[PDB]
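Because the Cβ atoms are built from the backbone with ideal geometry, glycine has one as well, and the counts that use them run over all protein chains shown. Basis: the model, the stated rules and, where named, an outside source; no laboratory instrument gave them.
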RNA sequence: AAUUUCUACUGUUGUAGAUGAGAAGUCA
DNA sequence: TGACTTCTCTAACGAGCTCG
DNA sequence: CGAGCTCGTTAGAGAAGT
């Protein structure tokens, strides 16, 4: 229905804060007097260091509930029992009831969890916090380590020792709740909530199965020699770790020897099966790497793996030697510096100057022995398994001349070696399996010559020989130490202050691969990287050839994969950085309480000077500048003091302040009602107090017991002033039905008067801290539209915004301000030559008066004071917004349009606003998109941004900016989809998208289509700056998008980039003619072919029955009318010419083909059984209809109609009409929405099917375009 | 060649489209 | 390789607690 | 030494899409 105004105001969630505040008035000169803001955004060694330094009372006791932790041994048997009730009974009885039993086990350990002595007053306000006798518990436990010597002091970071503990006692001392922010999310994430994101997934979630891994699953391991793992063999001299203290079922009191079952009992978890030692199974199950004497006591490694390898039992692979996993919630840079950002990565290989590998050899023995082993067929057919993904499959391109030819052995080597009836198992078994089996690998690599000539074979160990040549990069890499050593040579100071600019290009090219040459060796070694077997049993041979000798470097080469930013994200970074302390107005109330009674203590009250906001928090000691007795006398007209009182939610604070005991007689409550709150009698999920008896939501008792609360609300002692005129008592059904005015009035606002010297001589003496917070986009000379963070942040705290409900203030400020880095300089002063770098700026010069003074904002200490002005803040959510959108916008289909903002190669996008009959509306490409006062050009402006080698067009700039430009370049396409989407009521489905920056803002233009607030509409119209039409749903975690996610829909996300715009000819039936008789069978599969008596060339004829091409059958006759553009290498010849009509006689004369004879010469073509005579009949078909050519290469996007029309129209993108696509890039989405432009059947026929048919079938999207007749 | 920020900047002491802030774990 | 986390956006009320 | 005292806790809704 044109529902950009129909779906108005769905449900609202907050923005963030737009002010950057300059010390307006003399307040900037005032705080420089008392020195407050110098150590406010500069307390930043305390409030963000003790909150990490509070592990030693917040993880040591967060661990120490294990040392007194104890589950029942019956449950310890029931862990093997009821867990085995699920683990051996795959069913919800012992599984889900056992999950209820695990939930009971979550109550099992959990009852002892909330009852610690010091662990019941640590996550509260006396923990480090102050009581009269309540000292720092971490102050105690650290002070107990103060004489004691806990090594967390002087251990992790930023704490030299407990001598810093005065600041560990001060950084929460002044910041009372302001060393105390961290005690909210980090003291409930360990709650009883049944997520593994808690202790319940790492304390026992890795401990319930962990003891079952050694007992219920490790029980069958003792079939050979449990004493073969020598208990006396391990008890010779290195049994210091075996002095176990308590037994689980035993409970012995001595540091004595725990046996492999003596510790390993299923209820024997006195030193195992818990969270505090969850990997320490490997403390036995590995052994003892005795580095104090330089030894390695092979225990569970030397026995369970060593004798387990010494036996070599493949059926005995039910139990090996291993270690447990890691617990949860444990207590266990730059590439832009000029002295440290490279030389600190220079030790990553620089340690190996006399280094060694983990194969018990030196650095020369590491590559020559650990990397020189499995290349000779050292991996078995059933013993070695290379990583079977495309991350190793690209080595097929690197070493076999085709990653798509090397992967053919999934039909041949292990596949056709196994399945001669080629089965959907290849999508998951080995092809979709994460390991490439050496039976298909060693033998199928040798078996590569099955189809082609004899040169088309390979060596199955030959890729290991291809892996074998890896070593020689490091010899010149030692010589490559001067690569960064040119620009790094001035490394006297640690803080060298020159990183990436072109004045020091000796390091910039030289560090670009000087150790970064090994970065593709990981991308080449990707068939040796481990794969986390989540849902993968992975029964294969343990190919530990890269795991024992190569295992010193397979994990030892980890400095590359985690280093994708570390040494190469400070060149691609920025030159003047934007990080500084967030400072607080003299309390945890530092901007906290911004509401109509907090003014004494909430610390922050506004000010609007009759032109715009500039508002100050009162001074530190004399905190009664706006004190209400002195507020009465000093009334006047120079400042602003707003009167804005608020209220929290209508169940969390309504019967929590108007039912409290000090006013319980002061309100005089009722006992016939008081039975309801004594049990949660109104509570649909309620309860009484501690000692109340839980009952249901007795709404009859509720509707009056809540209705009596409105009568108690009638006695508003302080909250009477709101006039929260609620509805009838029969109406408000739930507690939220009575909570349906808890925020339906409870935020009321007004403004006051204040003397010009009242604020002034108050401020001149120092009453306020005078912050005058005002920016570019709302200054005096500003004349355009106002910005985003300045077009509400003084346009909702304003006279229209208090009339209806638009968006209040919220809490959450900070007075953030901090240092500056770039020492300033005039970049090009006004009255100079400022040449205009934009494209169509005809004024080719520029001389200002007031300069374009380069890099203004990052020059010196600004402010920052941002307050989460929670817009849309008088409405609740939209459950099934898509069910709203598909409900509502699936109710006005006739006015419905469909923009289909697809993707492209050489254009930017192609906003092909497709229409109801299927014609394009405005296929408006997007390469250079700007305004009426300029076009800001990108489509070659980015192409101008790139096109520079060194290092091969991959350096930090075109990496950074040539990506960051698209990071700019998305924005206007928002507004283009913004303007266009309700420009005709169209659903703009940038279709199914799951790239790295064309999906990486494919929901960065989908979290800005949730309400249009656009800088020039009618400022109360449904569509303008206050009362929006709600477009999307929210956006959290990128894979969640899925199908019908608001506006960013899903269309057929493949097989729509070489489409056929007239019929969609099946351009997959295209042979190679390697099998000549196979191509002769393809010639036999050639249905019927005659020379161009009307077609003007040769031809080819074959339907879907002729191939295995089961879409349909028909003599469509893709013909020989069009021309041909020819690809090539640069050098060969990247552009080439071709003729579709040509090659018709050129084959008929190469053979004896009567090309003018006019008969089934495909039989002669199949009779033409030459090696080239057959093979050349395919390459002419190889360009038989593939009409999308480079219009020169590229230079154009010449499409060609591979099959003609009913009037013979083979429509061609070189000269296409308006109602067809455009080119190679800008016409590349024009079918990709055209596939999604038929999905409105499921929109316009949406039924009670709760999951709509948003899954796409390419035969349907084939059949839909083919069904255009 | 200037912005709370960021990219594009002349649209000249700012124009233009845009921006959720901070928390705070992590798997890549 | 960037997501996947997930919650912080509140003022009155009884505390403690030095006052009055 | 009741003045109430300034801060720290304290209070508990139903929400909702392979």
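Some notes on this structure:
- Of all residues in region A:796-835 being within 18 Å of residue A:866 (Cβ to Cβ) and touching a helix residue (DSSP H, G or I) at 6+ places or on another chain (Cβ under 8 Å), the one that is nearest to DNA strand C (Cβ to nearest atom): A:815
- Top-ranked residue in region A:979-1001 [being closer than 26 Å to residue A:6 by Cβ and touching a helix residue (DSSP H, G or I) at 6+ places or on another chain (Cβ under 9 Å); ranked as surrounded by the most Cβ atoms within 10 Å (Cβ to Cβ)]: A:990
- Of everything listed in (1) within 16 Å of RNA strand B (Cβ to nearest atom); (2) touching a helix residue (DSSP H, G or I) at 6+ places or on another chain (Cβ under 8 Å); (3) in a loop (DSSP other than H, G, I, E, B), the single unmet condition for residue A:200 is (3).
- Condition met for residue A:844 (away from DNA strand D (no atom under 16 Å from the Cβ) and surrounded by 15 or more Cβ atoms within 10 Å (Cβ to Cβ)): no
- Complete set of residues in region A:1124-1134 that are touching a strand residue (DSSP E or B) at 6+ places or on another chain (Cβ under 7 Å) and not in a strand (DSSP E or B): A:1127, A:1128
- Of the candidates A:181, A:174, the single residue that is within 15 Å of RNA strand B (Cβ to nearest atom), surrounded by 13 or more Cβ atoms within 10 Å (Cβ to Cβ) and over 29 Å from residue A:85 (Cα atoms) is A:181.
- Test: residue in region A:1242-1258 that is under 16 Å from residue A:1060 (Cα atoms), within 37 Å of the chain's Cα centre (by Cα) and assigned by TED's automatic domain parsing to the domain that holds residue A:991: yes
- Qualifying residue in region A:196-207 (condition: more than 41 Å from the chain's Cα centre (by Cα) and more than 16 Å from DNA strand D (Cβ to nearest atom)): no
- Checked against (1) surrounded by fewer than 21 Cβ atoms within 10 Å (Cβ to Cβ); (2) in contact with a helix residue (DSSP H, G or I) (Cβ under 7 Å, 6 or more places away or on another chain), residue A:530 meets all criteria but (2).
- Every pair of residues 6+ apart whose Cβ atoms lie under 6 Å, when the first sits in region A:734-750 and is outside any loop (DSSP other than H, G, I, E, B) while the second is within 15 Å of DNA strand C (Cβ to nearest atom): A:735/A:651; A:747/A:646; A:747/A:808; A:748/A:645; A:748/A:722; A:749/A:644; A:750/A:643
- Matching helices (runs of 4 or more DSSP H) fully within region A:30-121 where at least 2 residues are within 16 Å of DNA strand C (Cβ to nearest atom): A:50-53
- Screening region A:1058-1085 for residues that are under 20 Å from residue A:1229 (Cβ atoms) and in contact with a helix residue (DSSP H, G or I) (Cβ under 7 Å, 6 or more places away or on another chain) and picking the one that is farthest from DNA strand D (Cβ to nearest atom) gives A:1063.
- Leading residue by the ranking (farthest from DNA strand D (Cβ to nearest atom)) among those in region A:999-1050 that are in a strand (DSSP E or B) and within 20 Å of the chain's Cα centre (by Cα): A:1048
- Residue match in region A:51-62 (condition: surrounded by fewer than 20 Cβ atoms within 10 Å (Cβ to Cβ) and either on the phi > 0 side of the Ramachandran plot or more than 36 Å from the chain's Cα centre (by Cα) (or both)): no
- Selected residue (only one of A:246, A:284 is assigned to a helix (DSSP H, G or I) and closer than 30 Å to residue A:109 by Cα): A:284
- Scanning region A:653-669 for residues that are buried (at least 16 other Cβ atoms within 10 Å of the Cβ) and within 8 Å of DNA strand C (Cβ to nearest atom) yields a count of 2.
Every residue, every condition in (1) over 38 Å from the mean Cα position of the chain (by Cα); (2) within 29 Å of residue A:331 (Cβ to Cβ); (3) surrounded by fewer than 16 Cβ atoms within 10 Å (Cβ to Cβ), yes or no:
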position: A:274; (1), (2), (3): no, yes, no
position: A:281; (1), (2), (3): no, yes, no
position: A:290; (1), (2), (3): yes, yes, yes
position: A:302; (1), (2), (3): yes, no, no
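- Here residue A:545 fulfils each of the conditions (1) part of a loop (DSSP other than H, G, I, E, B); (2) more than 16 Å from DNA strand C (Cβ to nearest atom); (3) touching a helix residue (DSSP H, G or I) at 6+ places or on another chain (Cβ under 6 Å) apart from (1).
- Count - residues of region A:131-164 that are over 17 Å from residue A:51 (Cβ atoms) and within 16 Å of DNA strand D (Cβ to nearest atom): 6
- Among residues of region A:969-998, those that are part of a loop (DSSP other than H, G, I, E, B) and more than 8 Å from RNA strand B (Cβ to nearest atom), counted: 16
- Which numbered condition residue A:789 misses (of (1) surrounded by fewer than 16 Cβ atoms within 10 Å (Cβ to Cβ); (2) within 16 Å of RNA strand B (Cβ to nearest atom)): (1)
- Residue among A:900, A:876, A:951 that alone is in contact with a helix residue (DSSP H, G or I) (Cβ under 9 Å, 6 or more places away or on another chain) and within 16 Å of DNA strand C (Cβ to nearest atom): A:876
- The one condition in (1) within 20 Å of residue A:774 (Cα to Cα); (2) more than 6 Å from RNA strand B (Cβ to nearest atom) that residue A:855 fails to fulfil: (2)
- So residue A:426, is it farther than 17 Å from residue A:521 by Cα, assigned by TED's automatic domain parsing to the domain that holds residue A:519 and crowded, with 21+ Cβ neighbours inside 10 Å: no
- Any hit, region A:1106-1123, residues being in contact with a strand residue (DSSP E or B) (Cβ under 8 Å, 6 or more places away or on another chain) and under 30 Å from residue A:1216 (Cβ atoms): yes
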